[PDB]
>>> print(open('entry12.txt').read())   # compact mmCIF, C-alpha atoms and all ligand atoms
# COMPACT_ATOMS: atom_id res chain seq x y z
CA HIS A 3 0.50 -9.15 22.50
CA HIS A 4 1.63 -7.21 19.42
CA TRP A 5 -0.57 -5.49 16.91
CA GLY A 6 -2.26 -7.32 14.08
CA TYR A 7 -5.67 -7.68 12.40
CA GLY A 8 -7.69 -9.86 14.94
CA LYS A 9 -10.50 -9.25 17.43
CA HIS A 10 -8.08 -8.54 20.24
CA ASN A 11 -5.19 -6.80 18.42
CA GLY A 12 -6.71 -5.27 15.32
CA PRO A 13 -7.27 -1.70 14.15
CA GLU A 14 -9.63 -0.65 16.98
CA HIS A 15 -6.89 -1.51 19.48
CA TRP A 16 -3.93 0.20 17.79
CA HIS A 17 -4.42 3.54 19.50
CA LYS A 18 -3.34 2.08 22.89
CA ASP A 19 0.24 1.49 21.67
CA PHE A 20 0.14 4.17 18.93
CA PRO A 21 -2.04 7.14 20.06
CA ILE A 22 -1.51 8.89 16.69
CA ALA A 23 -4.11 6.35 15.49
CA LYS A 24 -6.70 9.02 16.50
CA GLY A 25 -4.72 11.83 14.84
CA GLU A 26 -5.61 14.51 12.37
CA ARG A 27 -4.21 12.96 9.17
CA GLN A 28 -4.83 9.23 9.39
CA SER A 29 -5.15 6.81 6.48
CA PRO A 30 -6.90 5.23 4.70
CA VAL A 31 -9.98 7.33 3.97
CA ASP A 32 -13.13 7.06 1.89
CA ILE A 33 -12.72 8.98 -1.36
CA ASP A 34 -15.98 10.80 -2.01
CA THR A 35 -15.67 11.29 -5.75
CA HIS A 36 -18.15 14.08 -6.01
CA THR A 37 -16.47 16.14 -3.16
CA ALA A 38 -12.91 15.64 -4.48
CA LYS A 39 -11.99 18.73 -6.42
CA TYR A 40 -10.31 18.74 -9.78
CA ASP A 41 -7.06 20.64 -9.40
CA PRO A 42 -5.74 21.89 -12.79
CA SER A 43 -2.43 22.76 -11.03
CA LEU A 44 -1.69 19.03 -10.39
CA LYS A 45 0.95 17.57 -12.72
CA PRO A 46 0.91 14.23 -14.44
CA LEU A 47 2.46 11.61 -12.25
CA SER A 48 5.96 10.54 -13.35
CA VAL A 49 6.57 6.88 -12.62
CA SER A 50 10.09 5.81 -13.72
CA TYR A 51 10.52 2.14 -12.94
CA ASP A 52 12.64 1.00 -15.95
CA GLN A 53 15.77 0.50 -13.73
CA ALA A 54 13.99 -0.90 -10.63
CA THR A 55 16.03 -3.69 -9.24
CA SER A 56 13.97 -5.92 -7.17
CA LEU A 57 15.93 -7.98 -4.68
CA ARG A 58 13.79 -10.11 -2.31
CA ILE A 59 10.26 -10.97 -0.96
CA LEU A 60 9.42 -11.22 2.67
CA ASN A 61 6.43 -12.51 4.84
CA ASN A 62 6.51 -10.16 7.87
CA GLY A 63 3.42 -11.61 9.57
CA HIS A 64 1.17 -8.75 8.32
CA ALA A 65 1.63 -8.90 4.54
CA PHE A 66 4.40 -9.75 2.10
CA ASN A 67 6.88 -7.08 1.01
CA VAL A 68 8.69 -7.05 -2.33
CA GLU A 69 11.87 -5.11 -1.66
CA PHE A 70 14.04 -3.03 -3.80
CA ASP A 71 17.58 -1.87 -3.83
CA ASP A 72 17.14 1.81 -3.08
CA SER A 73 20.92 2.65 -2.85
CA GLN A 74 20.89 4.56 -6.22
CA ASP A 75 18.32 6.81 -7.97
CA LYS A 76 16.63 4.17 -10.00
CA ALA A 77 12.96 3.53 -9.45
CA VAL A 78 11.49 6.99 -8.75
CA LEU A 79 8.19 8.77 -8.38
CA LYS A 80 7.94 12.46 -9.07
CA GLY A 81 5.56 15.04 -10.42
CA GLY A 82 1.94 14.68 -9.57
CA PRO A 83 1.42 16.54 -6.30
CA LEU A 84 5.05 15.97 -5.21
CA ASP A 85 7.94 18.37 -4.83
CA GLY A 86 11.23 16.59 -5.52
CA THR A 87 11.92 12.92 -6.00
CA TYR A 88 10.85 9.85 -4.15
CA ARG A 89 12.63 6.48 -4.37
CA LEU A 90 10.86 3.12 -4.41
CA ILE A 91 11.74 0.91 -1.42
CA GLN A 92 9.03 -1.77 -1.39
CA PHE A 93 5.57 -2.78 -2.38
CA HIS A 94 2.95 -4.88 -0.65
CA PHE A 95 -0.80 -5.53 -0.71
CA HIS A 96 -3.81 -5.55 1.56
CA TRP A 97 -6.60 -8.03 0.78
CA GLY A 98 -9.75 -9.66 2.02
CA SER A 99 -11.16 -13.04 2.98
CA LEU A 100 -13.75 -12.52 0.20
CA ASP A 101 -13.75 -10.53 -3.04
CA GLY A 102 -16.12 -7.93 -1.54
CA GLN A 103 -13.54 -6.48 0.86
CA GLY A 104 -9.82 -6.00 1.15
CA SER A 105 -8.98 -2.48 0.05
CA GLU A 106 -7.99 0.19 2.59
CA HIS A 107 -9.12 3.22 0.62
CA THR A 108 -12.73 3.11 -0.57
CA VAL A 109 -14.38 4.99 -3.42
CA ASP A 110 -17.87 6.27 -2.60
CA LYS A 111 -17.81 3.50 0.09
CA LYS A 112 -16.95 0.81 -2.49
CA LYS A 113 -14.41 -1.72 -1.23
CA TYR A 114 -12.15 -3.38 -3.77
CA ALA A 115 -10.83 -6.93 -3.40
CA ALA A 116 -7.32 -5.72 -2.64
CA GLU A 117 -5.02 -2.69 -2.73
CA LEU A 118 -1.38 -2.46 -3.85
CA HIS A 119 0.92 0.05 -2.09
CA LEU A 120 4.17 1.12 -3.76
CA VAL A 121 6.13 2.90 -1.02
CA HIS A 122 8.62 5.65 -1.86
CA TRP A 123 10.78 7.93 0.34
CA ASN A 124 11.78 11.52 -0.27
CA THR A 125 15.42 11.65 -1.28
CA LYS A 126 15.91 14.99 0.47
CA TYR A 127 15.92 13.07 3.84
CA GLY A 128 18.64 10.61 2.78
CA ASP A 129 17.07 7.33 4.02
CA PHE A 130 13.66 5.80 4.74
CA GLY A 131 14.04 5.94 8.53
CA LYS A 132 14.64 9.68 8.55
CA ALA A 133 11.97 10.24 5.90
CA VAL A 134 9.17 8.72 8.06
CA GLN A 135 9.85 11.41 10.67
CA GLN A 136 8.87 14.15 8.22
CA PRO A 137 5.39 15.27 7.05
CA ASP A 138 6.48 14.99 3.40
CA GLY A 139 8.72 12.00 3.90
CA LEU A 140 6.84 9.32 1.93
CA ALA A 141 4.74 9.03 -1.21
CA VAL A 142 2.61 5.90 -1.42
CA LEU A 143 1.07 5.00 -4.75
CA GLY A 144 -2.12 3.04 -4.15
CA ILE A 145 -3.71 0.85 -6.80
CA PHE A 146 -6.99 -1.02 -6.43
CA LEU A 147 -7.41 -4.65 -7.46
CA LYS A 148 -10.67 -6.13 -8.76
CA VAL A 149 -11.28 -9.79 -9.58
CA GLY A 150 -11.71 -10.58 -13.30
CA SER A 151 -9.03 -11.24 -15.88
CA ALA A 152 -5.59 -12.29 -14.68
CA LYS A 153 -2.79 -9.73 -14.40
CA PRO A 154 0.08 -11.43 -16.22
CA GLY A 155 2.67 -9.19 -14.50
CA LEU A 156 1.51 -10.35 -11.08
CA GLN A 157 2.03 -14.05 -11.69
CA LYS A 158 5.77 -14.09 -10.72
CA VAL A 159 4.75 -12.75 -7.27
CA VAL A 160 1.92 -15.28 -6.90
CA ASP A 161 4.16 -18.19 -7.77
CA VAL A 162 6.79 -17.41 -5.05
CA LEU A 163 4.23 -17.21 -2.22
CA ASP A 164 4.36 -20.93 -1.48
CA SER A 165 7.97 -20.42 -0.35
CA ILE A 166 7.12 -17.69 2.15
CA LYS A 167 3.95 -19.14 3.64
CA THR A 168 4.67 -18.19 7.22
CA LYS A 169 5.81 -15.15 9.13
CA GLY A 170 9.52 -14.53 8.98
CA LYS A 171 10.09 -16.48 5.77
CA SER A 172 11.90 -14.69 2.95
CA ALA A 173 13.16 -15.59 -0.55
CA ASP A 174 15.43 -14.09 -3.24
CA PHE A 175 13.26 -12.18 -5.65
CA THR A 176 15.31 -10.47 -8.26
CA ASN A 177 14.42 -8.91 -11.58
CA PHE A 178 10.76 -8.30 -10.84
CA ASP A 179 9.42 -5.40 -12.92
CA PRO A 180 6.72 -3.40 -11.08
CA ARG A 181 5.63 -1.73 -14.34
CA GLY A 182 3.59 -4.91 -14.90
CA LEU A 183 1.35 -3.99 -11.96
CA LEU A 184 0.24 -0.58 -13.26
CA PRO A 185 -3.12 0.22 -14.93
CA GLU A 186 -3.27 2.08 -18.24
CA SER A 187 -4.27 5.43 -16.77
CA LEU A 188 -2.29 7.45 -14.21
CA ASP A 189 -5.31 9.57 -13.25
CA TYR A 190 -5.30 9.94 -9.46
CA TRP A 191 -6.64 11.33 -6.25
CA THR A 192 -4.24 12.76 -3.66
CA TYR A 193 -4.41 13.80 -0.01
CA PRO A 194 -2.07 14.07 3.03
CA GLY A 195 -2.17 11.06 5.34
CA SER A 196 -0.36 8.40 7.26
CA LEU A 197 1.05 4.90 7.27
CA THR A 198 -1.89 2.50 7.47
CA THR A 199 -0.02 0.16 9.83
CA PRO A 200 1.69 0.89 13.14
CA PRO A 201 3.51 3.13 13.83
CA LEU A 202 0.83 5.11 11.85
CA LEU A 203 3.20 8.03 11.28
CA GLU A 204 1.69 11.07 9.55
CA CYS A 205 4.37 11.23 6.85
CA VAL A 206 2.62 10.21 3.62
CA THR A 207 1.44 12.00 0.50
CA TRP A 208 -1.13 9.51 -0.80
CA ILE A 209 -1.59 9.11 -4.55
CA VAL A 210 -4.48 6.71 -5.29
CA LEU A 211 -5.04 5.73 -8.92
CA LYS A 212 -8.59 5.86 -10.22
CA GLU A 213 -8.25 2.86 -12.56
CA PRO A 214 -8.08 -0.54 -10.81
CA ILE A 215 -6.06 -3.44 -12.13
CA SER A 216 -7.79 -6.77 -12.71
CA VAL A 217 -6.40 -9.95 -11.17
CA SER A 218 -7.88 -13.40 -11.43
CA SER A 219 -9.74 -15.23 -8.71
CA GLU A 220 -6.92 -17.79 -8.74
CA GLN A 221 -4.31 -15.07 -8.15
CA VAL A 222 -6.09 -13.58 -5.14
CA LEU A 223 -6.86 -17.06 -3.77
CA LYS A 224 -3.11 -17.64 -3.57
CA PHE A 225 -2.71 -14.46 -1.45
CA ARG A 226 -5.28 -15.99 0.90
CA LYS A 227 -3.21 -19.16 1.43
CA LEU A 228 -0.49 -17.18 3.22
CA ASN A 229 -0.30 -17.35 7.01
CA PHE A 230 -0.05 -14.66 9.67
CA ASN A 231 1.45 -17.19 12.02
CA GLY A 232 5.00 -18.44 12.02
CA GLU A 233 6.16 -22.04 11.01
CA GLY A 234 5.08 -24.64 13.51
CA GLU A 235 2.26 -22.40 14.97
CA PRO A 236 -1.63 -22.79 14.68
CA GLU A 237 -2.66 -21.77 11.22
CA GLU A 238 -4.33 -18.39 10.86
CA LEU A 239 -4.83 -17.47 7.25
CA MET A 240 -3.41 -14.07 6.15
CA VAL A 241 -6.69 -12.41 5.15
CA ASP A 242 -8.40 -9.14 5.99
CA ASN A 243 -5.09 -7.35 6.61
CA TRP A 244 -6.66 -3.93 5.88
CA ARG A 245 -7.35 -0.94 8.10
CA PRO A 246 -10.83 0.56 7.64
CA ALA A 247 -11.41 4.14 6.50
CA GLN A 248 -10.56 6.81 9.07
CA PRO A 249 -12.07 10.25 9.60
CA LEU A 250 -11.14 12.81 6.92
CA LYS A 251 -11.05 15.66 9.48
CA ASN A 252 -9.64 18.88 8.06
CA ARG A 253 -8.49 17.49 4.68
CA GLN A 254 -9.22 17.97 1.02
CA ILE A 255 -8.89 15.19 -1.53
CA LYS A 256 -7.78 16.54 -4.92
CA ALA A 257 -8.36 14.94 -8.35
CA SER A 258 -5.89 15.10 -11.22
CA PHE A 259 -8.74 14.59 -13.74
CA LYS A 260 -12.11 16.14 -14.62
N1 LIG B 301 0.47 0.33 4.36
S1 LIG B 301 1.48 1.55 4.14
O1 LIG B 301 1.88 1.61 2.71
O2 LIG B 301 0.90 2.78 4.67
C1 LIG B 301 2.96 1.32 5.11
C2 LIG B 301 3.45 -0.12 5.24
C3 LIG B 301 4.58 -0.36 6.28
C4 LIG B 301 5.47 0.86 6.61
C5 LIG B 301 6.98 0.59 6.89
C6 LIG B 301 7.68 0.69 8.26
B1 LIG B 301 7.38 -0.47 9.38
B2 LIG B 301 8.93 -0.72 10.22
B3 LIG B 301 9.34 0.86 10.96
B4 LIG B 301 7.65 0.33 10.93
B5 LIG B 301 8.06 2.03 10.61
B6 LIG B 301 9.59 2.09 9.66
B7 LIG B 301 10.12 0.39 9.41
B8 LIG B 301 8.92 -0.46 8.44
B9 LIG B 301 9.35 1.30 8.12
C7 LIG B 301 8.08 2.21 8.93
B10 LIG B 301 6.81 1.23 9.63
NA NA B 302 -18.88 8.43 0.12
ZN ZN B 303 -0.03 -0.69 2.79
>>> encode(input="entry12.txt", output="structure tokens", more="lines below")
Ligand SMILES: [N]S(=O)(=O)[C][C][C][C][C]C1234B567B89%10B%11%12%13B85%14B%1158B%12%11%15B%139%12B%1061B%12%112C5%153B%14874
Ligand code: NA
Ligand SMILES: [Zn+2]
Amino acid sequence: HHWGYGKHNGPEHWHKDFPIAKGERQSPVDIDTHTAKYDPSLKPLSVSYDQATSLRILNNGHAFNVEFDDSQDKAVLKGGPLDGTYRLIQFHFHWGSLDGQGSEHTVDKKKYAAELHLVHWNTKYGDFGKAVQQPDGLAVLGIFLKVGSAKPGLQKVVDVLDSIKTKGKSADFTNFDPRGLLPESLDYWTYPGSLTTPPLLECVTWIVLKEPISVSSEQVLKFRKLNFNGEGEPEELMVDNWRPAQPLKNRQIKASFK
């Protein structure tokens, strides 16, 4: 009886195995746009993905992860609210059963169809496992998805999903360029938070872009054909793999833009 997204193992149950679920800096949150304060001290975000070497894609039973070789300083996030440099290790998405839900963060209570998370670890801690034990260990770049025009840079990901339908399936996935998943603007909100899945560690500086990307209905429909279950088990479609908004508690959300 491991954690997941169902009636009996979903987000409202997580606190029993992971009591930090009721902690002081949990994610996601609702972004109240009128309460977020413009901070003129915030720097432009620096996203340097030109040398990102994607390696593989994996169905872990919760989402699919596109993994990167993080053994050299290649794909890095810096600037913005961050001190130092953070190395890309993987990205994944959260999405809904319907276009009206799926995002983890919300904007004035609006839910987007999906949310992309590009996960980066602080190089000062040497590896990802050590970084998640630190309050400034990770920087997650969150990008909303809305349904409209196709995102051409997403299609390579969509087209490999048939080969990783079920939990524990993986495939080679080299040469994928994550720059094709970014919106035009790097305007953002930022706040201190947590992983949004168990173990829910309070190690993340969140950077949520204001501008969503558009994906087509066909693209998101292919996400929804994935399975939570393993091969040869009863089919449970991989949908609604999002944690709802958690209490803001004693936090301020800062805006990079006026
Ligand atoms: N949705 S999110 O971007 O907040 C984080 C996604 C998964 C975080 C990665 C880890 B899993 B396994 B161990 B557990 B703990 B260590 B290992 B993988 B990393 C972290 B957790
Ligand atoms: Na609100
Ligand atoms: Zn995530």
>>> axis_aligned_box(input="entry12.txt", around="segment 206-222 of chain A", padding_each_side="3 Å", output="AutoDock Vina command-line options")
--center_x -3.6 --center_y -2.9 --center_z -4.5 --size_x 18.4 --size_y 35.8 --size_z 22.3
>>> atom_distance(input="entry12.txt", atom1="atom CA of residue 15 of chain A", atom2="atom CA of residue 244 of chain A")
13.8 Å
>>> residues_near_point(input="entry12.txt", point="(-8.3, 8.3, 2.8)", cutoff="12 Å", atoms="only C-alpha atoms", output="short mmCIF file (atom, residue, chain, number, x, y, z; two decimals) with C-alpha atoms, in the coordinates of the input")
data_model
loop_
_atom_site.label_atom_id
_atom_site.label_comp_id
_atom_site.auth_asym_id
_atom_site.auth_seq_id
_atom_site.Cartn_x
_atom_site.Cartn_y
_atom_site.Cartn_z
CA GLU A 26 -5.61 14.51 12.37
CA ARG A 27 -4.21 12.96 9.17
CA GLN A 28 -4.83 9.23 9.39
CA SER A 29 -5.15 6.81 6.48
CA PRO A 30 -6.90 5.23 4.70
CA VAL A 31 -9.98 7.33 3.97
CA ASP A 32 -13.13 7.06 1.89
CA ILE A 33 -12.72 8.98 -1.36
CA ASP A 34 -15.98 10.80 -2.01
CA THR A 35 -15.67 11.29 -5.75
CA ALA A 38 -12.91 15.64 -4.48
CA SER A 105 -8.98 -2.48 0.05
CA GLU A 106 -7.99 0.19 2.59
CA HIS A 107 -9.12 3.22 0.62
CA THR A 108 -12.73 3.11 -0.57
CA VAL A 109 -14.38 4.99 -3.42
CA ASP A 110 -17.87 6.27 -2.60
CA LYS A 111 -17.81 3.50 0.09
CA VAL A 142 2.61 5.90 -1.42
CA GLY A 144 -2.12 3.04 -4.15
CA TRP A 191 -6.64 11.33 -6.25
CA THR A 192 -4.24 12.76 -3.66
CA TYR A 193 -4.41 13.80 -0.01
CA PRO A 194 -2.07 14.07 3.03
CA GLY A 195 -2.17 11.06 5.34
CA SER A 196 -0.36 8.40 7.26
CA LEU A 197 1.05 4.90 7.27
CA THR A 198 -1.89 2.50 7.47
CA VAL A 206 2.62 10.21 3.62
CA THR A 207 1.44 12.00 0.50
CA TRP A 208 -1.13 9.51 -0.80
CA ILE A 209 -1.59 9.11 -4.55
CA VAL A 210 -4.48 6.71 -5.29
CA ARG A 245 -7.35 -0.94 8.10
CA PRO A 246 -10.83 0.56 7.64
CA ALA A 247 -11.41 4.14 6.50
CA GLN A 248 -10.56 6.81 9.07
CA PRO A 249 -12.07 10.25 9.60
CA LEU A 250 -11.14 12.81 6.92
CA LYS A 251 -11.05 15.66 9.48
CA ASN A 252 -9.64 18.88 8.06
CA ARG A 253 -8.49 17.49 4.68
CA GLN A 254 -9.22 17.97 1.02
CA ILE A 255 -8.89 15.19 -1.53
CA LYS A 256 -7.78 16.54 -4.92
#
>>> residues_around(input="entry12.txt", residues="segment 116-125 of chain A", least_positions_apart="2", cutoff="6 Å", atoms="all atoms listed in the file", output="mmCIF file with C-alpha atoms, in the coordinates of the input")
data_model
loop_
_atom_site.group_PDB
_atom_site.id
_atom_site.type_symbol
_atom_site.label_atom_id
_atom_site.label_comp_id
_atom_site.auth_asym_id
_atom_site.auth_seq_id
_atom_site.Cartn_x
_atom_site.Cartn_y
_atom_site.Cartn_z
ATOM 1 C CA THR A 87 11.920 12.920 -6.000
ATOM 2 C CA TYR A 88 10.850 9.850 -4.150
ATOM 3 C CA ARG A 89 12.630 6.480 -4.370
ATOM 4 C CA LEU A 90 10.860 3.120 -4.410
ATOM 5 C CA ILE A 91 11.740 0.910 -1.420
ATOM 6 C CA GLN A 92 9.030 -1.770 -1.390
ATOM 7 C CA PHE A 93 5.570 -2.780 -2.380
ATOM 8 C CA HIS A 94 2.950 -4.880 -0.650
ATOM 9 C CA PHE A 95 -0.800 -5.530 -0.710
ATOM 10 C CA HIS A 96 -3.810 -5.550 1.560
ATOM 11 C CA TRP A 97 -6.600 -8.030 0.780
ATOM 12 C CA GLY A 104 -9.820 -6.000 1.150
ATOM 13 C CA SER A 105 -8.980 -2.480 0.050
ATOM 14 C CA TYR A 114 -12.150 -3.380 -3.770
ATOM 15 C CA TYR A 127 15.920 13.070 3.840
ATOM 16 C CA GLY A 128 18.640 10.610 2.780
ATOM 17 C CA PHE A 130 13.660 5.800 4.740
ATOM 18 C CA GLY A 139 8.720 12.000 3.900
ATOM 19 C CA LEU A 140 6.840 9.320 1.930
ATOM 20 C CA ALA A 141 4.740 9.030 -1.210
ATOM 21 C CA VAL A 142 2.610 5.900 -1.420
ATOM 22 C CA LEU A 143 1.070 5.000 -4.750
ATOM 23 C CA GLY A 144 -2.120 3.040 -4.150
ATOM 24 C CA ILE A 145 -3.710 0.850 -6.800
ATOM 25 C CA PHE A 146 -6.990 -1.020 -6.430
ATOM 26 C CA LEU A 147 -7.410 -4.650 -7.460
#
>>> atom_distance(input="entry12.txt", atom1="atom CA of residue 79 of chain A", atom2="atom CA of residue 217 of chain A")
23.9 Å
>>> build_atoms(input="entry12.txt", residues="segment 100-113 of chain A", atoms="N, CA and C atoms", output="PDB file, in the frame of the given file")
ATOM      1  N   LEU A 100     -12.762 -12.386   1.236  1.00  0.00           N
ATOM      2  CA  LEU A 100     -13.750 -12.520   0.200  1.00  0.00           C
ATOM      3  C   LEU A 100     -13.525 -11.409  -0.771  1.00  0.00           C
ATOM      4  N   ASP A 101     -14.034 -11.523  -1.986  1.00  0.00           N
ATOM      5  CA  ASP A 101     -13.750 -10.530  -3.040  1.00  0.00           C
ATOM      6  C   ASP A 101     -14.379  -9.163  -2.724  1.00  0.00           C
ATOM      7  N   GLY A 102     -15.427  -9.157  -1.881  1.00  0.00           N
ATOM      8  CA  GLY A 102     -16.120  -7.930  -1.540  1.00  0.00           C
ATOM      9  C   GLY A 102     -15.467  -7.019  -0.509  1.00  0.00           C
ATOM     10  N   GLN A 103     -14.266  -7.356  -0.055  1.00  0.00           N
ATOM     11  CA  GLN A 103     -13.540  -6.480   0.860  1.00  0.00           C
ATOM     12  C   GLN A 103     -12.063  -6.744   0.692  1.00  0.00           C
ATOM     13  N   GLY A 104     -11.257  -5.830   1.218  1.00  0.00           N
ATOM     14  CA  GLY A 104      -9.820  -6.000   1.150  1.00  0.00           C
ATOM     15  C   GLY A 104      -9.062  -4.712   0.950  1.00  0.00           C
ATOM     16  N   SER A 105      -9.663  -3.753   0.226  1.00  0.00           N
ATOM     17  CA  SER A 105      -8.980  -2.480   0.050  1.00  0.00           C
ATOM     18  C   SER A 105      -9.030  -1.676   1.335  1.00  0.00           C
ATOM     19  N   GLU A 106      -8.084  -0.761   1.444  1.00  0.00           N
ATOM     20  CA  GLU A 106      -7.990   0.190   2.590  1.00  0.00           C
ATOM     21  C   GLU A 106      -8.735   1.486   2.236  1.00  0.00           C
ATOM     22  N   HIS A 107      -8.299   2.166   1.163  1.00  0.00           N
ATOM     23  CA  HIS A 107      -9.120   3.220   0.620  1.00  0.00           C
ATOM     24  C   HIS A 107     -10.419   2.609   0.037  1.00  0.00           C
ATOM     25  N   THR A 108     -11.460   3.424   0.070  1.00  0.00           N
ATOM     26  CA  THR A 108     -12.730   3.110  -0.570  1.00  0.00           C
ATOM     27  C   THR A 108     -13.090   4.255  -1.470  1.00  0.00           C
ATOM     28  N   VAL A 109     -13.982   3.979  -2.417  1.00  0.00           N
ATOM     29  CA  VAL A 109     -14.380   4.990  -3.420  1.00  0.00           C
ATOM     30  C   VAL A 109     -15.880   5.077  -3.347  1.00  0.00           C
ATOM     31  N   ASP A 110     -16.402   6.185  -2.840  1.00  0.00           N
ATOM     32  CA  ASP A 110     -17.870   6.270  -2.600  1.00  0.00           C
ATOM     33  C   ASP A 110     -18.368   5.026  -1.813  1.00  0.00           C
ATOM     34  N   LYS A 111     -17.563   4.639  -0.818  1.00  0.00           N
ATOM     35  CA  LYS A 111     -17.810   3.500   0.090  1.00  0.00           C
ATOM     36  C   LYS A 111     -17.599   2.156  -0.564  1.00  0.00           C
ATOM     37  N   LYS A 112     -17.264   2.094  -1.855  1.00  0.00           N
ATOM     38  CA  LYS A 112     -16.950   0.810  -2.490  1.00  0.00           C
ATOM     39  C   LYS A 112     -15.602   0.293  -1.982  1.00  0.00           C
ATOM     40  N   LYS A 113     -15.616  -0.973  -1.565  1.00  0.00           N
ATOM     41  CA  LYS A 113     -14.410  -1.720  -1.230  1.00  0.00           C
ATOM     42  C   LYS A 113     -14.017  -2.602  -2.399  1.00  0.00           C
TER      43      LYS A 113
END
